[PDB]
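Every residue, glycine among them, receives a Cβ derived from its backbone with ideal geometry; neighbour counts consider all protein chains shown. Here, each number is a calculation from the coordinates, and none is a lab measurement.
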Number of protein chains: 2
Amino acid sequence: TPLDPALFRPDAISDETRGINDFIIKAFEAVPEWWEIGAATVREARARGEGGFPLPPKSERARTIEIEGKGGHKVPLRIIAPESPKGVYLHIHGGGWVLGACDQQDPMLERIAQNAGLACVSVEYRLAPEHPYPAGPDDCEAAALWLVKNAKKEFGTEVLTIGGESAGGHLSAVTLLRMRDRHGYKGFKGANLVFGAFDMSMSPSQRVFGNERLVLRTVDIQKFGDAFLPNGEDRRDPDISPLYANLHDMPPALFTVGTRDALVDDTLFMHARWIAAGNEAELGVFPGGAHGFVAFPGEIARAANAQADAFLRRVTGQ
Amino acid sequence: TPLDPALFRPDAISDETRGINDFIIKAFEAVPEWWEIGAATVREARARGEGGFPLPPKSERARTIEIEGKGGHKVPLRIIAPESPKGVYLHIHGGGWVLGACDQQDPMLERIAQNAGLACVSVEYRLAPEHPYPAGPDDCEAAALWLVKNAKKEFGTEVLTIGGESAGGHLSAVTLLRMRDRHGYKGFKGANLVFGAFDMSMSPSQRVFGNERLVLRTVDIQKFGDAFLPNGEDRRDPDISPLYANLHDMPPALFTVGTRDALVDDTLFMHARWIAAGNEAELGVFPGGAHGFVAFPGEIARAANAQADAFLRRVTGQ
């Protein structure tokens with residue numbers, strides 16, 4: 001069982017992981033906070049490669065299309081695809097519903113296209129605080145509906161998967177439930193849910209992680225959530241917190257999390273409810289992993305990304 | 001692996017278990033609501049085997065003592081003990097903090113005394129709504145302190161375990177945390193947590209179970225909680241909801257639950273956090289089991305009780 005308590009004890013963490021985490025904490029002791037200087041200001045700087053983590057290099061083979069969003073705006077979709085796709089991976093980026101972009105993780109999309117043979121489609125959904133809930137989910141639902149309708153003609157295949165990191169793992173679960181409830185679609189083959197947020201009312205580990213700046217502090221969660229949900233929304237509503245939804249008829253899922261993530265309980269709890277609803281689920285727990293650990297160098301990141309590639313192969317008939 | 005989705009699907013439930021559950025619903029439907037005829041009235045009904053559960057015959061070996069409680073009242077303890085005990089089982093009965101008694105489960109105490117060789121001590125704690133929080137926990141804490149101090153003299157051993165059902169599983173966890181935090185005691189060998197309640201803010205499964213009267217309905221959980229917590233208490237406080245506490249340095253635990261229990265998420269979530277804190281935990285999931293299923297005949301009850309007996313033997317060195 002992936003729920004081995006030894007994985008959660010200090011001696012399970014490698015010296016490599018400890019060192020990576022220490023550098024990350026010390027690096028961001030001065031990175032200004034977006035709620036102090038402005039979300040758009042932080043966004044523009046990050047897109048230029050200023051501040052924050054390194055900006056991953058973009059792929060030359062990426063192409064962009066636009067689809068119609070609810071209310072008449074355009075929702076861009078970024079496509080990185082092999083010659084003869086074996087399926088599609090609908091990817092939703094993270095960033096607390098406030099930051100990030102569809103073009104800030106091309107190496108990961110290239111990895112999945114190469115190692116699982118999938119056409120990758122990453123969604124440029126609207127961001128808070130400018131566009132709070134339900135704008136983000138509305139755009140991800142529009143992308144999933146577009147893919148259900150157009151995947152065969154665009155990619156030659158109707159084998160679909162979904163996934164994303166942190167807020168993107170949240171939005172992946174919200175989208176799966178909306179496709180089932182609003183459209184009667186239950187045909188996704190798998191969900192790659194990478195340290196997702198599933199309880200917007202704050203699970204136990206979120207509340208006590210504290211404010212040591214290992215990627216995601218308790219205060220970060222609070223500020224992101226307030227930007228996404230500024231209007232007195234019920235934070236246990238199932239469209240806001242998928243942990244509270246009825247999870248019947250969901251696809252097989254892979255849940256990935258590190259043991260030093262404020263969102264550890266979100267993954268463990270969502271994994272439990274996914275199984276309790278009769279769905280297949282795989283769990284990968286990585287000792288010492290920070291929130292966001294899959295983007296860093298080192299062994300636990302490599303192993304977690306390899307587990308994701310193997311899962312995506314398995315659910316797409318490979 | 002106990003966390004197998006197949007156990008949660010309808011075809012895993014045996015005909016025997018389905019027939020048991022049908023009778024159980026009809027038996028509970030014949031009982032008036034305690035908030036409509038009085039808690040005292042239902043306590044009396046429950047004591048005559050007319051409150052849904054069967055009448056449990058009392059043991060001839062049982063003896064009762066009284067210890068000093070916080071504030072001067074007396075807390076009765078019911079003792080069923082073999083001649084040369086291998087340890088002690090501190091037992092805390094269930095009943096939604098409102099119902100039940102120390103003398104309504106003698107067959108279970110006799111089973112543990114005989115099969116695990118433990119002296120059993122069952123706590124007669126004060127009940128809501130007349131004595132709301134923290135009266136019940138205060139009495140369980142007093143019992144545990146008395147047992148640590150007096151176990152060697154009374155029973156010839158200092159090997160201790162703790163356990164209980166439903167609200168009794170809640171109180172067992174509350175007691176373990178108080179003993180660690182206030183009293184420095186980390187000596188319990190094991191915790192037998194039988195379908196416990198651990199989140200008084202109501203976990204997802206509690207909210208959606210509904211009001212078909214398979215032992216414990218959503219409405220029952222709501223009414224029990226309000227009687228126990230009538231003074232505006234924060235229901236995510238860690239002394240009220242152990243799911244929110246820091247779980248370091250806890251004993252090995254056995255978590256038992258049936259798949260048709262409103263409290264299924266409480267067990268799965270508490271199990272997850274128990275392991276995530278670096279503690280040993282064992283999980284038993286029983287297909288089709290109602291809340292309270294161990295009290296009713298049939299294979300799954302026998303199997304679950306056998307798993308508890310084996311756990312208690314293991315943690316006491318046998």
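Results, tabulated for the structure shown:
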{"quantity": "Number of the exception - B:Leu176 against (1) more than 14 Å from B:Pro238 (Cα to Cα); (2) in contact with a strand residue (DSSP E or B) (Cβ under 9 Å, 6 or more places away or on another chain)", "calculated": "(1)"}
{"quantity": "Single residue of the range A:257-280 satisfying the filter (within 20 Å of B:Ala245 (Cβ to Cβ) and more than 8 Å from chain B (Cβ to nearest Cβ)) that is surrounded by the most Cβ atoms within 10 Å (Cβ to Cβ)", "calculated": "A:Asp266"}
{"quantity": "Among the candidates B:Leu247, B:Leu254, B:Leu283, B:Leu312, residue that is touching a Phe, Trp or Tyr at 6+ places or on another chain (Cβ under 9 Å), in a helix (DSSP H, G or I) and either within 14 Å of chain A (Cβ to nearest Cβ) or hydrophobic (A, V, I, L, M, F, W, C) (or both)", "calculated": "B:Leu312"}
{"quantity": "Subset of the range A:133-191 [closer than 19 Å to A:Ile79 by Cα and of a type in the set (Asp, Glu)]", "calculated": "A:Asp139, A:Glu141, A:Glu154, A:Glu158, A:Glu165"}
{"quantity": "Pick from the range A:105-127, criterion of a type outside the set (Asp, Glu) and more than 17 Å from A:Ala143 (Cβ to Cβ), ranking: surrounded by the most Cβ atoms within 10 Å (Cβ to Cβ)", "calculated": "A:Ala116"}
{"quantity": "Selection count, the range B:1-23, where residues are in contact with a helix residue (DSSP H, G or I) (Cβ under 9 Å, 6 or more places away or on another chain), in a helix (DSSP H, G or I) and more than 14 Å from chain A (Cβ to nearest Cβ)", "calculated": "4"}
{"quantity": "Within the range A:24-47, tally of residues that are farther than 24 Å from A:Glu124 by Cα and either touching a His at 6+ places or on another chain (Cβ under 6 Å) or not in a loop (DSSP other than H, G, I, E, B) (or both)", "calculated": "5"}
{"quantity": "Residue within the range B:219-226 that is within 14 Å of another protein chain (Cβ to nearest Cβ) and of a type outside the set (S, T, N, Q) present", "calculated": "no"}
{"quantity": "Matching residues in the range A:153-173 - criterion: being aliphatic (A, V, I, L, M) and either part of a strand (DSSP E or B) or more than 12 Å from A:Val88 (Cβ to Cβ) (or both)", "calculated": "A:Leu160, A:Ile162, A:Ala167, A:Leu171, A:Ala173"}
{"quantity": "Residues that are free of Cβ contacts under 8 Å to residues at least 60 places away in the same chain, surrounded by 11 or more Cβ atoms within 10 Å (Cβ to Cβ) and of a type in the set (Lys, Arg), drawn from the range A:19-48", "calculated": "A:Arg46"}
{"quantity": "Residue in the range A:88-107 that is of a type in the set (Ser, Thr, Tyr) and farther than 24 Å from A:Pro238 by Cβ present", "calculated": "yes"}
{"quantity": "Checking B:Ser84 against (1) farther than 30 Å from B:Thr218 by Cα; (2) within 20 Å of the chain's Cα centre (by Cα); (3) outside any helix (DSSP H, G or I); (4) among the small types (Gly, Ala, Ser), the condition it does not meet", "calculated": "(2)"}
{"quantity": "Which numbered condition A:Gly210 misses (of (1) of a type in the set (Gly, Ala, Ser); (2) more than 9 Å from every other protein chain (Cβ to nearest Cβ); (3) closer than 24 Å to A:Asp138 by Cβ; (4) free of Cβ contacts under 8 Å to residues at least 60 places away in the same chain)", "calculated": "(3)"}
{"quantity": "Cβ pairs under 6 Å, 6+ apart, first in the range A:186-205 and farther than 25 Å from A:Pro230 by Cβ and away from chain B (no Cβ under 14 Å), second crowded, with 22+ Cβ neighbours inside 10 Å and among the acidic types (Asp, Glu)", "calculated": "A:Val194/A:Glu165"}
{"quantity": "Members of the range A:49-94 that are loosely packed, with under 12 Cβ neighbours inside 10 Å and either in contact with a helix residue (DSSP H, G or I) (Cβ under 8 Å, 6 or more places away or on another chain) or aliphatic (A, V, I, L, M) (or both)", "calculated": "A:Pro57, A:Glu68"}
{"quantity": "Pair list, Cβ < 9 Å and 6+ apart or interchain, from the range A:59-83 residues that are on the phi < 0 side of the Ramachandran plot to residues that are loosely packed, with under 13 Cβ neighbours inside 10 Å and among the acidic types (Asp, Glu)", "calculated": "A:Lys74/A:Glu66; A:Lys74/A:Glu68; A:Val75/A:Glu66; A:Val75/A:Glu68; A:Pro76/A:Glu66; A:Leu77/A:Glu66"}
{"quantity": "Some residue of the range A:161-168 being surrounded by fewer than 22 Cβ atoms within 10 Å (Cβ to Cβ) and either free of Cβ contacts under 8 Å to residues at least 40 places away in the same chain or in contact with a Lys or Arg (Cβ under 6 Å, 6 or more places away or on another chain) (or both)", "calculated": "no"}
{"quantity": "From the options A:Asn115, A:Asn150, residue that is assigned to a helix (DSSP H, G or I) and without any contact (Cβ under 8 Å) to a residue 60 or more places away in the chain", "calculated": "A:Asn150"}
